[PDB]
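What follows is the residue order along each chain.
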Amino acid sequence: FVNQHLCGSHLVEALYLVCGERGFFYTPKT
Amino acid sequence: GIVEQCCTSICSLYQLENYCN
Ligand SMILES: [Cl-]
Ligand SMILES: [Zn+2]
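Residues numbered from 1 in each chain as written, not as in the entry; some residues may be left out. Chains lettered and ligands numbered in written order. Heavy atoms only, no water. Residues with missing side-chain atoms left out of burial classes, pairs and counts.

X-ray crystallography is the method the PDB entry states for this structure, with the resolution given as 1.6 Å.

Here you go:
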(Lines give C-alpha, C1' and ligand atoms only; values in the text may rest on other atoms or scores of the structure.)
(Ligands and ions follow the chains in the order given, each with its own letter.)
Protein backbone atom coordinates (compact mmCIF):
# COMPACT_ATOMS: atom_id res chain seq x y z
CA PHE A 1 0.00 0.00 0.00
CA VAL A 2 1.40 3.46 -0.71
CA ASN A 3 3.15 5.19 2.21
CA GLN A 4 2.29 8.84 1.61
CA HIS A 5 0.27 11.77 2.95
CA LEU A 6 -3.24 11.12 1.50
CA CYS A 7 -5.20 14.39 1.43
CA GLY A 8 -8.35 15.85 -0.09
CA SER A 9 -10.00 13.75 -2.71
CA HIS A 10 -6.86 11.42 -2.67
CA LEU A 11 -7.76 10.35 0.91
CA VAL A 12 -11.49 9.78 -0.12
CA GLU A 13 -10.66 7.68 -3.20
CA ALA A 14 -8.30 5.56 -0.94
CA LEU A 15 -11.12 4.99 1.51
CA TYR A 16 -13.42 3.93 -1.36
CA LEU A 17 -10.89 1.37 -2.60
CA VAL A 18 -9.96 -0.01 0.84
CA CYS A 19 -13.48 -0.11 2.37
CA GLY A 20 -15.22 -1.62 -0.65
CA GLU A 21 -18.82 -2.71 -0.06
CA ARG A 22 -18.38 -1.87 3.64
CA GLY A 23 -18.53 1.81 2.81
CA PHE A 24 -16.88 4.47 4.97
CA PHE A 25 -17.29 7.66 6.87
CA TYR A 26 -15.52 10.84 6.05
CA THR A 27 -15.54 13.42 8.86
CA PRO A 28 -12.67 15.93 8.44
CA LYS A 29 -14.00 17.93 11.34
CA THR A 30 -10.69 18.41 13.14
CA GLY B 1 -9.69 12.46 12.98
CA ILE B 2 -8.52 11.04 9.66
CA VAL B 3 -6.97 14.29 8.38
CA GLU B 4 -4.62 14.54 11.31
CA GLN B 5 -3.70 10.86 10.98
CA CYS B 6 -3.55 10.31 7.20
CA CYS B 7 -3.07 13.73 5.67
CA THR B 8 -0.95 15.59 8.24
CA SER B 9 0.95 12.32 9.10
CA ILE B 10 1.09 8.99 7.22
CA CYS B 11 -1.30 6.11 7.64
CA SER B 12 -0.76 2.42 7.09
CA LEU B 13 -3.51 0.40 5.45
CA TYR B 14 -4.57 -0.82 8.89
CA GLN B 15 -5.15 2.74 10.17
CA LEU B 16 -7.26 3.54 7.07
CA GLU B 17 -9.59 0.58 7.71
CA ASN B 18 -10.58 2.18 11.03
CA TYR B 19 -12.71 4.56 8.90
CA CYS B 20 -14.60 1.81 7.09
CA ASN B 21 -18.21 1.06 8.08
CL1 LIG C 1 -2.44 17.14 -5.19
ZN1 LIG D 1 -3.98 15.87 -6.36
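Caption draft 1: Region of interest: the state of the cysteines. In this structure the tally under the stated criterion is three disulfides over all chains. Residue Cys7(A) pairs covalently with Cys7(B) via a disulfide, S to S 2.0 Å. Judged by the torsion about the S-S bond (95°), the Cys7(A)/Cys7(B) disulfide is right-handed. With one member in each of two chains, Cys7(A) in the segment before α1 (8-19) and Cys7(B) in helix α1 (residues 2-8) form a pair that bridges those chains. Judged by its relative accessible area of 18%, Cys7(B) falls in the buried class. The side chain of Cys6(B) participates in a disulfide bridge whose partner is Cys11(B); the two sulfur atoms lie 2.0 Å from each other. A torsion of -75° about the S-S bond marks the disulfide between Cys6(B) and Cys11(B) as left-handed. (Disulfide = S-S within 2.5 Å. Helix = DSSP H or I, 4+ residues; strand = E, 2+ residues; numbered from the N terminus. Buried < 20%, exposed > 50% of the residue type's maximum accessible area, 1.4 Å probe, protein only.)

Caption draft 2: Region of interest: the interface of chain B and chain A. With 15 residues of chain B at the interface, the matching set in chain A holds 19 residues. Looking at the side of chain B that touches chain A, the elements that each hand over two or more residues are α1 and α2 (13-16) of chain B. The leading source of residues in the side of chain B that touches chain A is α1(B), at six residues. For the side of chain B that touches chain A, the class distribution of residues is nine nonpolar, four polar and two charged. (Contact = heavy atoms within 4.5 Å. Nonpolar A, V, L, I, M, F, W, Y, C, P; charged D, E, K, R; others polar.)

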